[PDB]
file final-v6.cif (mmCIF, N, CA and C atoms)
data_data
loop_
_atom_site.label_atom_id
_atom_site.label_comp_id
_atom_site.auth_asym_id
_atom_site.auth_seq_id
_atom_site.Cartn_x
_atom_site.Cartn_y
_atom_site.Cartn_z
N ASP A 1 50.76 58.37 30.36
CA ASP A 1 51.01 59.84 30.29
C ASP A 1 51.45 60.37 31.66
N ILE A 2 51.23 61.63 31.92
CA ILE A 2 51.64 62.21 33.24
C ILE A 2 50.61 61.84 34.32
N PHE A 3 50.64 60.62 34.78
CA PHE A 3 49.67 60.20 35.83
C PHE A 3 50.41 59.73 37.09
N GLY A 4 51.66 60.09 37.23
CA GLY A 4 52.43 59.67 38.43
C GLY A 4 52.96 60.90 39.16
N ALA A 5 53.39 61.90 38.43
CA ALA A 5 53.92 63.13 39.09
C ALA A 5 52.76 63.99 39.61
N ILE A 6 51.63 63.94 38.96
CA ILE A 6 50.47 64.75 39.42
C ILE A 6 49.79 64.08 40.62
N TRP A 7 50.22 62.90 40.99
CA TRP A 7 49.59 62.21 42.16
C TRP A 7 50.13 62.79 43.47
N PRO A 8 51.44 62.77 43.63
CA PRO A 8 52.06 63.32 44.86
C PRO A 8 51.62 64.77 45.07
N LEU A 9 51.31 65.46 44.01
CA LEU A 9 50.88 66.88 44.15
C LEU A 9 49.50 66.95 44.80
N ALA A 10 48.51 66.35 44.20
CA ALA A 10 47.14 66.38 44.79
C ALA A 10 47.17 65.82 46.21
N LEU A 11 48.02 64.86 46.45
CA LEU A 11 48.10 64.27 47.82
C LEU A 11 48.69 65.29 48.79
N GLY A 12 49.69 66.02 48.36
CA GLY A 12 50.30 67.04 49.26
C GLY A 12 49.30 68.18 49.48
N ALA A 13 48.38 68.36 48.57
CA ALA A 13 47.37 69.44 48.74
C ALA A 13 46.33 69.02 49.77
N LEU A 14 45.90 67.79 49.71
CA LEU A 14 44.89 67.31 50.70
C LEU A 14 45.53 67.19 52.08
N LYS A 15 46.84 67.12 52.14
CA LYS A 15 47.52 67.00 53.47
C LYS A 15 47.55 68.36 54.16
N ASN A 16 47.98 69.38 53.47
CA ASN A 16 48.02 70.74 54.09
C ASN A 16 46.60 71.22 54.41
N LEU A 17 45.61 70.56 53.86
CA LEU A 17 44.20 70.96 54.13
C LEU A 17 43.83 70.64 55.58
N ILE A 18 43.88 69.39 55.95
CA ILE A 18 43.53 69.00 57.35
C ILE A 18 44.54 67.98 57.89
N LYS A 19 45.74 68.00 57.37
CA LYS A 19 46.76 67.02 57.84
C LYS A 19 48.09 67.73 58.10
#
call {"tool": "encode", "arguments": {"input": "final-v6.cif", "output": "structure tokens"}}
result
Amino acid sequence: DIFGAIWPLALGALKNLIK
């Protein structure tokens, strides 16, 4: 299912947090 496009998203969110 949609388990590849939602990955780069959560990763980009944790980056703007403290990265």
call {"tool": "atom_distance", "arguments": {"input": "final-v6.cif", "atom1": "atom C of residue 1 of chain A", "atom2": "atom C of residue 16 of chain A"}}
result
25.7 Å
call {"tool": "select_by_dssp", "arguments": {"input": "final-v6.cif", "residues": "chain A", "states": "helix (DSSP H, G or I)", "output": "short mmCIF file (atom, residue, chain, number, x, y, z; two decimals) with N, CA and C atoms, keeping the file's coordinate frame"}}
result
data_model
loop_
_atom_site.label_atom_id
_atom_site.label_comp_id
_atom_site.auth_asym_id
_atom_site.auth_seq_id
_atom_site.Cartn_x
_atom_site.Cartn_y
_atom_site.Cartn_z
N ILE A 6 51.63 63.94 38.96
CA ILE A 6 50.47 64.75 39.42
C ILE A 6 49.79 64.08 40.62
N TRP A 7 50.22 62.90 40.99
CA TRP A 7 49.59 62.21 42.16
C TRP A 7 50.13 62.79 43.47
N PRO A 8 51.44 62.77 43.63
CA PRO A 8 52.06 63.32 44.86
C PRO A 8 51.62 64.77 45.07
N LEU A 9 51.31 65.46 44.01
CA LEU A 9 50.88 66.88 44.15
C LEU A 9 49.50 66.95 44.80
N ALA A 10 48.51 66.35 44.20
CA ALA A 10 47.14 66.38 44.79
C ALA A 10 47.17 65.82 46.21
N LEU A 11 48.02 64.86 46.45
CA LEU A 11 48.10 64.27 47.82
C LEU A 11 48.69 65.29 48.79
N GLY A 12 49.69 66.02 48.36
CA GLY A 12 50.30 67.04 49.26
C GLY A 12 49.30 68.18 49.48
N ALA A 13 48.38 68.36 48.57
CA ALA A 13 47.37 69.44 48.74
C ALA A 13 46.33 69.02 49.77
N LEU A 14 45.90 67.79 49.71
CA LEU A 14 44.89 67.31 50.70
C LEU A 14 45.53 67.19 52.08
N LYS A 15 46.84 67.12 52.14
CA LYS A 15 47.52 67.00 53.47
C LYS A 15 47.55 68.36 54.16
N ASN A 16 47.98 69.38 53.47
CA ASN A 16 48.02 70.74 54.09
C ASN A 16 46.60 71.22 54.41
N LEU A 17 45.61 70.56 53.86
CA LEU A 17 44.20 70.96 54.13
C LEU A 17 43.83 70.64 55.58
N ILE A 18 43.88 69.39 55.95
CA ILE A 18 43.53 69.00 57.35
C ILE A 18 44.54 67.98 57.89
#
call {"tool": "atom_distance", "arguments": {"input": "final-v6.cif", "atom1": "atom CA of residue 19 of chain A", "atom2": "atom CA of residue 3 of chain A"}}
result
23.2 Å
call {"tool": "build_atoms", "arguments": {"input": "final-v6.cif", "residues": "chain A", "atoms": "N, CA, C and O atoms", "output": "mmCIF file, keeping the file's coordinate frame"}}
result
data_model
loop_
_atom_site.group_PDB
_atom_site.id
_atom_site.type_symbol
_atom_site.label_atom_id
_atom_site.label_comp_id
_atom_site.auth_asym_id
_atom_site.auth_seq_id
_atom_site.Cartn_x
_atom_site.Cartn_y
_atom_site.Cartn_z
ATOM 1 N N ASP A 1 50.760 58.370 30.360
ATOM 2 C CA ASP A 1 51.010 59.840 30.290
ATOM 3 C C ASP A 1 51.450 60.370 31.660
ATOM 4 O O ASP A 1 51.982 59.638 32.477
ATOM 5 N N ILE A 2 51.230 61.630 31.920
ATOM 6 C CA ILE A 2 51.640 62.210 33.240
ATOM 7 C C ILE A 2 50.610 61.840 34.320
ATOM 8 O O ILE A 2 49.806 62.653 34.720
ATOM 9 N N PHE A 3 50.640 60.620 34.780
ATOM 10 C CA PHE A 3 49.670 60.200 35.830
ATOM 11 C C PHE A 3 50.410 59.730 37.090
ATOM 12 O O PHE A 3 49.857 59.044 37.928
ATOM 13 N N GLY A 4 51.660 60.090 37.230
ATOM 14 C CA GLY A 4 52.430 59.670 38.430
ATOM 15 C C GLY A 4 52.960 60.900 39.160
ATOM 16 O O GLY A 4 52.982 60.953 40.375
ATOM 17 N N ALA A 5 53.390 61.900 38.430
ATOM 18 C CA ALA A 5 53.920 63.130 39.090
ATOM 19 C C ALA A 5 52.760 63.990 39.610
ATOM 20 O O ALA A 5 52.895 64.693 40.595
ATOM 21 N N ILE A 6 51.630 63.940 38.960
ATOM 22 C CA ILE A 6 50.470 64.750 39.420
ATOM 23 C C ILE A 6 49.790 64.080 40.620
ATOM 24 O O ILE A 6 48.872 64.624 41.210
ATOM 25 N N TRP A 7 50.220 62.900 40.990
ATOM 26 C CA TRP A 7 49.590 62.210 42.160
ATOM 27 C C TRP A 7 50.130 62.790 43.470
ATOM 28 O O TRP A 7 49.370 63.241 44.304
ATOM 29 N N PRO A 8 51.440 62.770 43.630
ATOM 30 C CA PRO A 8 52.060 63.320 44.860
ATOM 31 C C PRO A 8 51.620 64.770 45.070
ATOM 32 O O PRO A 8 51.570 65.252 46.186
ATOM 33 N N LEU A 9 51.310 65.460 44.010
ATOM 34 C CA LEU A 9 50.880 66.880 44.150
ATOM 35 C C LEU A 9 49.500 66.950 44.800
ATOM 36 O O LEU A 9 49.326 67.549 45.847
ATOM 37 N N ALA A 10 48.510 66.350 44.200
ATOM 38 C CA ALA A 10 47.140 66.380 44.790
ATOM 39 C C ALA A 10 47.170 65.820 46.210
ATOM 40 O O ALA A 10 46.431 66.248 47.073
ATOM 41 N N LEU A 11 48.020 64.860 46.450
ATOM 42 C CA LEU A 11 48.100 64.270 47.820
ATOM 43 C C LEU A 11 48.690 65.290 48.790
ATOM 44 O O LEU A 11 48.245 65.423 49.913
ATOM 45 N N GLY A 12 49.690 66.020 48.360
ATOM 46 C CA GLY A 12 50.300 67.040 49.260
ATOM 47 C C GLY A 12 49.300 68.180 49.480
ATOM 48 O O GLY A 12 49.359 68.880 50.473
ATOM 49 N N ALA A 13 48.380 68.360 48.570
ATOM 50 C CA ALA A 13 47.370 69.440 48.740
ATOM 51 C C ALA A 13 46.330 69.020 49.770
ATOM 52 O O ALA A 13 45.936 69.797 50.622
ATOM 53 N N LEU A 14 45.900 67.790 49.710
ATOM 54 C CA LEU A 14 44.890 67.310 50.700
ATOM 55 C C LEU A 14 45.530 67.190 52.080
ATOM 56 O O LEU A 14 44.852 67.157 53.089
ATOM 57 N N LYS A 15 46.840 67.120 52.140
ATOM 58 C CA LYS A 15 47.520 67.000 53.470
ATOM 59 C C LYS A 15 47.550 68.360 54.160
ATOM 60 O O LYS A 15 47.170 68.492 55.309
ATOM 61 N N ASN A 16 47.980 69.380 53.470
ATOM 62 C CA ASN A 16 48.020 70.740 54.090
ATOM 63 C C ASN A 16 46.600 71.220 54.410
ATOM 64 O O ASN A 16 46.402 72.166 55.141
ATOM 65 N N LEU A 17 45.610 70.560 53.860
ATOM 66 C CA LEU A 17 44.200 70.960 54.130
ATOM 67 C C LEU A 17 43.830 70.640 55.580
ATOM 68 O O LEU A 17 43.490 71.515 56.355
ATOM 69 N N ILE A 18 43.880 69.390 55.950
ATOM 70 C CA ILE A 18 43.530 69.000 57.350
ATOM 71 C C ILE A 18 44.540 67.980 57.890
ATOM 72 O O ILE A 18 44.227 67.183 58.746
ATOM 73 N N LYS A 19 45.740 68.000 57.370
ATOM 74 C CA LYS A 19 46.760 67.020 57.840
ATOM 75 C C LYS A 19 48.090 67.730 58.100
ATOM 76 O O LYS A 19 48.233 68.904 57.830
#
